[PDB]
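K.L.:
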Amino acid sequence: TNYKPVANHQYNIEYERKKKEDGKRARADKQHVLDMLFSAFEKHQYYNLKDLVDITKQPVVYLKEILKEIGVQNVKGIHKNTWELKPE
Amino acid sequence: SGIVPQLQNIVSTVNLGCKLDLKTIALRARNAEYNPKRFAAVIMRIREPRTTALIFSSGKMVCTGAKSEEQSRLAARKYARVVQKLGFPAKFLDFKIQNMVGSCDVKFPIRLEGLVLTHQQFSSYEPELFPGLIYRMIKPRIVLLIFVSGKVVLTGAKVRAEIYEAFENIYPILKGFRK
Amino acid sequence: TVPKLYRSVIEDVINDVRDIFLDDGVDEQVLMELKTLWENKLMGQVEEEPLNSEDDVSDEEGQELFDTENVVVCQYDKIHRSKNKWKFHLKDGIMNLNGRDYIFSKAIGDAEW
Amino acid sequence: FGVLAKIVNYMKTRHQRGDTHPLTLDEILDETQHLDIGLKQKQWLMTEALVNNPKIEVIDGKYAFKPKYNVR
Amino acid sequence: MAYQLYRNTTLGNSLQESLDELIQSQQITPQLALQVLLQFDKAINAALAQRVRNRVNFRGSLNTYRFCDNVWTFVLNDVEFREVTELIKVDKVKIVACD
Amino acid sequence: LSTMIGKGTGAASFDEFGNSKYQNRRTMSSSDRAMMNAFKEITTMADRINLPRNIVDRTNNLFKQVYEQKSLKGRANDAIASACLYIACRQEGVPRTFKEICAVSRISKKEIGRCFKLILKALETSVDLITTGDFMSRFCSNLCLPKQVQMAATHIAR
Amino acid sequence: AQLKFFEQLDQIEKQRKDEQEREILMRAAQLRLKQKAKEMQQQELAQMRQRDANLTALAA
Amino acid sequence: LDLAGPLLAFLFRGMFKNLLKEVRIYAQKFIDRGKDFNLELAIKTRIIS
Amino acid sequence: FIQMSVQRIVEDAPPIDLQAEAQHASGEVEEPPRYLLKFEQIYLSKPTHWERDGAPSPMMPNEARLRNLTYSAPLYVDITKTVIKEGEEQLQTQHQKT
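Those protein sequences? They're chains A, B, C, D, E, F, G, H and I, same order as listed. Just so you know, the numbering used here puts 9 at position 9 of the first sequence, and the rest follows in order with no gaps. Just so you know, the numbering used here puts 222 at position 134 of the second sequence, and the rest follows in order with no gaps. Just so you know, the numbering used here puts 379 at position 112 of the third sequence, and the rest follows in order with no gaps. Just so you know, the numbering used here puts 437 at position 57 of the fourth sequence, and the rest follows in order with no gaps. Just so you know, the numbering used here puts 507 at position 55 of the fifth sequence, and the rest follows in order with no gaps. Just so you know, the numbering used here puts 554 at position 3 of the sixth sequence, and the rest follows in order with no gaps. Just so you know, the numbering used here puts 750 at position 41 of the seventh sequence, and the rest follows in order with no gaps. Just so you know, the numbering used here puts 805 at position 36 of the eighth sequence, and the rest follows in order with no gaps. Just so you know, the numbering used here puts 857 at position 39 of the ninth sequence, and the rest follows in order with no gaps.
What follows is the structure, given as structure tokens:
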């Protein structure tokens, strides 16, 4: 019975179904993305790009472009160089 | 040979030469749908030519489902005119047929095993993956799906001449393996 | 049946707006007056650039402008289409057919294009 | 507070216009589609906290001259 | 700031007209009217979700369809709404769906 | 052309807070580390279904040729390794079904098949068509059927 | 209106009592601070939630 | 005197610990991704043998 | 060794406990699932040799001497896997003779 022939592993099909249902994150308008970013920054001062991507629910490239427009990367002793959501 | 393939689908790409707003097109068009989470273009369908077109924000459009070259061009023009009616400066630039699909029947069963044995350099027969034999013709760059029932489907053609020539090339070979 | 559901909805709505009426500092008589009025109101072209060569390639757009005909507003769980037909798993929603309202939980639909 | 950083970005684009003039908060809030209520007061407390560290210069009187180096 | 589906129906229209009358009378402020509409939307969504336990069916033909921002705008003709208890006939229908 | 260092003796080897071996040895290049990981995965997959070592070596050679040819650089490694294992089984004359390879590989059957087609094109080689007699031995043995039953099934299929 | 000002002063006393009468329950197991933090978190959701309303009104 | 049994028991103790370690690592990767790892794939058969 | 020590070594090993590292950055009230594995009931088969075809067959000792094979027997363990996703339901799937 071990290693029985299966077309696709069960866990993989579940994961694929979840990903397909969720879909790719859509590129929203600059205004709304900026507003969401500013509220997120209001929560507190420092954000990592990964969790910021999770919060904004935007493509990584588009979010990086918008964030490079205003925010600036600071090299810091927290753990690493991260983004700063304050424009100045 | 006495048999001519009949086209089942034609893919043609044309550039409108102007950027577009996908959301506006979706809101204002009749049969258009836009799901940026699913796909980045706008899917529209017209019943009279019985075709479907994908419209991108870059101004390039792809028309599929047309059974004839004239139908493809007319459908592309109709989609461009619909977009133009929505206020955009849509044009008809560099219309081209990217791919054509044709189907036919040889009216006899075929021994795909012998065919792949004889033409292993061009044949690919994997019943586990797909019951139809895949033949990659070289002189015309055409891919043929040959089935034991005799149905043959040709794809990858830019002009109808390629479809007809590929079938003309493949027919004697298939006749050599009649079951 | 549907009127009874409407009355239950009235109760839910008033209960839900009580807290807002307290938050905004407005007196509670507004809710009574609102309910009274609401109930009363209810009961060879080489140069191909020109696209003008074709005309009347569309249909009347006034249907969406009118919207006077019967209207169904609901939520969709799954919507599938296979080359001819549109299939509809519309979940709980409301329908306005010939003025009379209909309420449903599961709606199944098949249509042709 | 995020809307406040957005106002900072707004006045940055205002610098980009080159028509920078002594302003105040109400006109910016109006042109940025935001209201004038006690919310403006709490965000103005935040804004004065900003005036304590306004590297993007936001002074109270005739102001907004951000660039530490600025001639044209 | 909610789903905002049932506003363009008989119930939502009646509520909106009543709010308009009170606004004309100055009894309620427009912000209060908007808040009432939002609360009504929440309550109606919950009520339809919970207190409705009937299954319906329908068939017909489709003449138009649209999709944008997860909003379907189907337009069917000669629809027959079939239910186990009753059958209803309609010449045309517009189905607006959201999720 | 490398070496590596151990702990050695207990004295100055570990320093201020246990420096260890001054370091961690840190050897090689990706054009070899990736191939090494693929070889390990191939051995694991083969042992899962008790494939002989000659089939493993043929799979390793096929993977080396594919990996250096680089037409499948975009396809994930494990899919290439699984397809190579399938091709090696086919060339050795003991084919395993795509589902059988998927049973031991995290890669789905569809991706294995696509990489199999791509590897066939890249190598410009071919595999003999499978016949019903190829799978009779394994299927009958796994079903614990008698030898006469296996012969009857083979004859019936042929 | 003067009476309404007095009622507002009473509501301010009631909020102080509620915040402090249990800034003590937490200690026995900062309440105002926690409430403020909770309020801060909603702002981001509210707007992500809210502008959808604007587009849905345009769509329908 | 340590005969064949105790010696092989010592070796098998070591190797089963290593096998469980490898299962832990392999499963942890998939768990972090949120896929529901297959136990049969996790077990590295070569280790013990 | 085979009868007792192998089974005792399997049982003595602590159960494997696994959970995600605060995946999805949500409320995370123990939201990451907990996966627990416990090995049990070890089984040994008779010495077996699998051919190039993959068909199992008994391996006689003399054949092992002549063909330089190794005289070994397959070792199988029952494994029980429990998933605790804090969904108020725990599912304990069992894998037999792994």
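Cβ coordinates follow ideal geometry from the N, Cα and C atoms, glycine included.
1. Pull up the distance between the alpha-carbon of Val700(F) and that of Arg199(B), whole angstroms please.
2. For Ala843(I), return the contacting residues in chain A, with the cut-off set at a CB-CB distance below 9 angstroms.
3. Would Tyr861(I) be called buried (16 or more neighbouring beta carbons within 10 Å of its own) or exposed?
4. Under 7 angstroms Cβ to Cβ from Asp551(E), same chain only, skipping five residues before and after it: list those, please.
5. Have a look at the DSSP bridge pairing and note the partners of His356(C).
6. Using the rule of at least 16 other Cβ atoms within 10 Å of the residue's Cβ for burial, across every protein chain shown, is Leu694(F) buried or exposed?
7. Cβ closer than 8 angstroms: which chain A residues qualify as neighbours of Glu791(H)?
8. CB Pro5(A) to CB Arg27(A), shorter than 9 angstroms?
9. Can you give, in chain order, each stretch of the alpha helix (DSSP H) that sits fully within the segment 268 to 308 of chain C and has at least 4 residues?
10. Contact defined as beta carbons within less than 8 angstroms: I believe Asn123(B) pairs with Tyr517(E). What is the distance between those atoms, to the nearest angstrom?
11. At 8 angstroms on the CB atoms, spell out the chain E contacts of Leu115(B), in chain order.
12. Quick check for students: name the residue ranges of the alpha helix (DSSP H) that lie wholly in the segment 651 to 708 of chain F, counting only runs of 4 or more.
13. What ranges does the beta strand (DSSP E) occupy inside the segment 841 to 882 of chain I, keeping only unbroken runs of at least 3 residues that lie completely in it?
14. Applying the 10 Å Cβ sphere with the 16-neighbour rule, what's the burial state of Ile234(B)?
15. To the nearest angstrom, report how far apart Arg709(F) and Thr683(F) are at their CA atoms.
16. Say whether chain I places a C-beta atom closer than 9 angstroms to the C-beta of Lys813(H).
17. Would you mind telling me which residues of chain B sit closer than 9 angstroms to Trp380(C), beta carbon to beta carbon, in chain order?
18. With DSSP as the reference, identify every bridge partner of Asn363(C), one or two as the case may be.
19. Here's the rule: buried if 16 or more other CB atoms are within 10 angstroms of the residue's CB, otherwise exposed. What is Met702(F)?
20. Helix, strand or coil: how does DSSP classify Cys635(F) here?
21. Would you say residue 114(A) faces chain I, with C-beta separation under 9 angstroms as the test?
22. Using the rule of at least 16 other Cβ atoms within 10 Å of the residue's Cβ for burial, across every protein chain shown, is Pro93(B) buried or exposed?
23. Relative to the alpha-carbon of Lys813(H), which residue among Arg793(H), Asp771(H) and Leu772(H) has its alpha-carbon at the smallest distance?
24. Please state if the CB of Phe183(B) and the CB of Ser100(B) are separated by a distance shorter than 9 angstroms.
25. Between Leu474(E) and chain C, is the shortest Cβ-Cβ distance under 9 angstroms, so that the two count as touching?
26. According to DSSP, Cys151(B) sits in a beta bridge with which residue or residues?
27. Mind the definition here: the segment 40 to 55 of chain A touches the segment 67 to 86 of chain A only if three or more C-beta pairs lie below 8 angstroms; say whether that holds.
28. Just the C-alpha distance for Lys804(H) and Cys691(F), rounded to the nearest angstrom, thanks.
29. Could you check whether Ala168(B) and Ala154(B) sit closer than 9 angstroms to each other, using their CB atoms as the reference points?
30. Quick check: the segment 339 to 355 of chain C against the segment 185 to 197 of chain B, are there 3 or more CB pairs under 8 angstroms?
31. Determine, for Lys392(D), whether the minimum Cβ-Cβ distance to residues of chain A falls below 9 angstroms.
32. Listing by chain order, which chain F residues have their CB less than 7 angstroms from the CB of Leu810(H)?
33. Should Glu662(F) and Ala627(F) be called a contact, given that it needs their Cβ atoms to be closer than 9 angstroms?
34. Just to make sure I have the definition right: I need the residues of chain A whose C-beta is within less than 8 angstroms of the C-beta of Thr595(F). Which are they?
35. Around the C-beta of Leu37(A), are 16 or more other C-beta atoms found within 10 angstroms, so that it is buried, or is it exposed?
36. Rounded to whole angstroms, what is the Cα-Cα separation between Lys195(B) and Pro260(B)?
P.N.:
If we stick to the structure as given:
1. Here residue 700(F) refers to the residue found at position 149 of the sixth sequence. Here residue 199(B) refers to the residue found at position 111 of the second sequence. Spanning the two alpha carbons is a distance of roughly 29 angstroms.
2. One-based indexing of the ninth sequence puts residue 843(I) at position 25. Simply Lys50, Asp51, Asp54 and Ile55.
3. In the ninth sequence, residue 861(I) corresponds to position 43, counting from 1. Label assigned to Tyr861(I): exposed.
4. Taking the fifth sequence and counting its residues from 1, one reaches residue 551(E) at position 99. Hits under 7 angstroms: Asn522.
5. The residue labelled residue 356(C) in the question sits at position 89 within the third sequence. Answer is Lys345(C) and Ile375(C), bridged to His356(C).
6. By one-based count along the sixth sequence, residue 694(F) stands at place 143. Its Cβ having fewer than 16 others within 10 Å, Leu694(F) is exposed.
7. Position 22 of the eighth sequence, counting from 1, holds the residue named residue 791(H). Going along chain A, no residue has its Cβ under 8 angstroms from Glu791(H), so there is no contact; the nearest lies around 17 angstroms.
8. On the first sequence, position 5 is the one that residue 5(A) refers to. On the first sequence, position 27 is the one that residue 27(A) refers to. No, the Cβ-Cβ distance between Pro5(A) and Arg27(A) is not below 9 angstroms.
9. 269 to 290
10. Residue 123(B) sits at position 35 when you count from the first residue of the second sequence. Residue 517(E) sits at position 65 when you count from the first residue of the fifth sequence. So it is not a contact: roughly 13 angstroms between Cβ atoms.
11. Counting from 1 along the second sequence, the entry for residue 115(B) is found at position 27. Neighbours of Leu115(B) on chain E, chain order: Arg518 and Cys520.
12. 660 to 674, 687 to 693 and 698 to 708
13. 852 to 862, 866 to 868 and 874 to 876
14. Position 146 of the second sequence, counted from the first residue, corresponds to residue 234(B). By the neighbour-count rule (16 or more Cβ atoms within 10 Å), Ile234(B) is buried.
15. Numbered from 1 along the sixth sequence, position 158 holds the residue referred to as residue 709(F). Numbered from 1 along the sixth sequence, position 132 holds the residue referred to as residue 683(F). Computed Cα separation, rounded: 7 angstroms.
16. Against the eighth sequence, residue 813(H) aligns to sequence position 44. No, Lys813(H) lies away from the interface with chain I (no Cβ there is under 9 angstroms from its Cβ).
17. If you number the third sequence from 1, residue 380(C) lands on position 113. Within chain B, the residues near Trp380(C) are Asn119, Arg133 and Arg135.
18. Position 96 of the third sequence, counted from the start, is the residue given in the question as residue 363(C). Paired residue(s): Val338(C) and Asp368(C).
19. Locating residue 702(F) in the sixth sequence gives position 151, where the first residue counts as 1. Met702(F) should be labelled exposed.
20. Translated into positions along the sixth sequence, residue 635(F) becomes position 84. If DSSP states are grouped into helix, strand and coil, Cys635(F) belongs with the helices.
21. The structure shown does not extend to residue 114(A), since chain A is modelled only from 1 through 88, so no value can be given for it.
22. Taking the second sequence and counting its residues from 1, one reaches residue 93(B) at position 5. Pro93(B) should be labelled buried.
23. Numbered from its first residue, the eighth sequence carries residue 813(H) at position 44. Among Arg793(H), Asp771(H) and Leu772(H), the Cα nearest to that of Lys813(H) belongs to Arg793(H).
24. Your numbering for residue 100(B) matches position 12 in the second sequence. Your numbering for residue 183(B) matches position 95 in the second sequence. Yes, Cβ-Cβ distance for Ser100(B) and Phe183(B) is below 9 angstroms.
25. Along the fifth sequence, read from residue 1 onward, the residue named residue 474(E) stands at position 22. At least one chain C Cβ lies under 9 angstroms of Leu474(E).
26. The residue given as residue 151(B) occupies position 63 in the second sequence. According to DSSP, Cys151(B) bridges with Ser100(B) and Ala141(B).
27. yes
28. Locating residue 804(H) in the eighth sequence gives position 35, counting from the first residue. Locating residue 691(F) in the sixth sequence gives position 140, counting from the first residue. Distance between the alpha carbons of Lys804(H) and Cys691(F) is about 34 angstroms.
29. Translated into positions along the second sequence, residue 154(B) becomes position 66. Translated into positions along the second sequence, residue 168(B) becomes position 80. Cβ distance not < 9 angstroms, so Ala154(B) and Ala168(B) don't count as in contact.
30. no
31. Taking the fourth sequence and counting its residues from 1, the one referred to as residue 392(D) is at position 12. It does; some Cβ of chain A falls within 9 angstroms.
32. Working through the eighth sequence from its first residue, we reach residue 810(H) at position 41. Here the neighbours are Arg657.
33. As a first step, residue 662(F) is located in the sixth sequence; it is residue number 111 there, counting from the start. As a first step, residue 627(F) is located in the sixth sequence; it is residue number 76 there, counting from the start. For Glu662(F) and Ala627(F), yes; Cβs fall inside 9 angstroms.
34. In the sixth sequence, counting from the first residue as 1, residue 595(F) sits at position 44. Residues of chain A passing the Cβ test: none, with the nearest at roughly 12 angstroms.
35. If you number the first sequence from 1, residue 37(A) lands on position 37. Buried: at least 16 other Cβ atoms inside 10 Å.
36. Start at 1 with the first residue of the second sequence, and residue 195(B) comes out as number 107. Start at 1 with the first residue of the second sequence, and residue 260(B) comes out as number 172. For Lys195(B) and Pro260(B), the distance between alpha carbons rounds to 13 angstroms.
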